[PDB]
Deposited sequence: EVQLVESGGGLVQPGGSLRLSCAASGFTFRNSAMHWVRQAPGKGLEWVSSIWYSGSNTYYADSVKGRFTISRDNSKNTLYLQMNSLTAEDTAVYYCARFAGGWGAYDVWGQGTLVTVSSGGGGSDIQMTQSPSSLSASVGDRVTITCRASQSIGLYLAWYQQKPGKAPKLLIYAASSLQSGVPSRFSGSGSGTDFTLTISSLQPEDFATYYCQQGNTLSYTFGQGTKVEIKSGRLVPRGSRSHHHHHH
C-alpha cells in the first residue's frame, strides 16, 4: 500500500506546476484522496480533497489550484497555478479513511519552491518594561547593509511611523530619548527613559538592497 509523488521543483512566482501521486497496493477508485502541505519548518496544512464528485479546497489555494484523479492510472494530481512564495512547501498526498476521520496512508512528499537576500533578525521579540526604564532593541543583518537601517514605531491600529534612518539620524520631531547606533550588520535602538506613549511595537528595516526587508518586530509591553 503505497503513494509515490512526483512533479515538485523550482518555479517562478506566477507560474504553474502539476504534482502527481501514484497509488498502488489498494483500490484507488473507492478512496478519498487529499493533499496536505508543510512549509519549511512549519506545521501541516490541509490543501484539497477529492472523492468518488464534490471537490474541496482551503482558502489558501481555492480558485488557483485544481485537484483531479485518473482512476485508470491510479493517480492523483494537483494542478498548481498562479504560484506565490507562500506556496513553498512539501506537498503530501494522503488517503483519507472517512470512517476514522484520519489519514492512514501518506506519500513521501515532493518539494515545491516558488522563487525568482538579506535577513533581518530583531531581538528580543518582546520585552516588559516600566515607565522610566532604559530599553535597547537589537537588529542584526545577515549581510552588511552599511548604514541603511531604519527604525519604525507602530501603535495598535495605527500605521508605522519613521523614527530613525541611516542607523542614527532622527526624523524631525522625534524626541531625543530615542537614539540609534550600529553599522554593517549590528544595529541598536535605545530609549533612554521610557514614556507611556512609547509602549508600542518597533521594527527595523534595511534599505541597502532591492528587496527591502523588515525585522520581525519587538513588542515593548508594560510591566
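Chemist: How would you list, in order, the spans of the deposited sequence that the model does not cover?
Modeler: No coordinates exist for the deposited residues in 1, 54-55, 120-124, 232-248, so these stretches are absent from the model.
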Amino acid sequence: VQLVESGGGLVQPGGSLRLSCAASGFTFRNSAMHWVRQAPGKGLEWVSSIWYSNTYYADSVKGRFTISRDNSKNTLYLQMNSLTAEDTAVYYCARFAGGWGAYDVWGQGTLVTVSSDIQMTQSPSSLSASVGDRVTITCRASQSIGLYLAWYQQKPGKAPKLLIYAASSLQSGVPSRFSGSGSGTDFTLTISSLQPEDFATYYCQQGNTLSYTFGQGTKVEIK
From here on, numbers count along this sequence of modelled residues.
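Chemist: Please work out which of 40-48 and 171-179 has the higher mean CA B-factor as recorded in the PDB entry.
Modeler: Going by the record's values, the stretch with the higher mean is 171-179.
Chemist: Is the mean CA B factor in the deposited entry higher across 121-129 or across 148-156?
Modeler: Mean C-alpha B-factor is greater for 121-129.
Chemist: Taking the values straight from the PDB record, which of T113, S72, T84, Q108 has the highest C-alpha temperature factor?
Modeler: Checking the PDB record, the top C-alpha B-factor among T113, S72, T84, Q108 is at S72.
Chemist: Quick one: classify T88 as lowest, middle or highest third of the chain based on its Cα B-factor.
Modeler: Its C-alpha B-factor, which the entry lists for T88, ranks in the lowest third among residues of this chain.
Chemist: C-alpha B factor of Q2, ranked within the chain: lowest, middle or highest third?
Modeler: For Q2, whose C-alpha B-factor we compare with every modelled residue in the chain, the answer is the highest third.
Chemist: Based on the deposited C-alpha B factors for this chain, I'd like to know if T27 is in the lowest, middle or highest third.
Modeler: Within its chain, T27 is a highest-third residue by C-alpha B-factor, going by the deposited values.
Chemist: Quick check for you: using the entry's CA B-factors within this chain, is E197 in the lowest, middle or highest third?
Modeler: Middle third, going by the recorded CA B-factors of the chain.
Chemist: Among all modelled residues of this chain, ranked by Cα B factor, put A102 in the bottom, middle or top third, i.e. lowest, middle or highest.
Modeler: Lowest third, going by the recorded CA B-factors of the chain.
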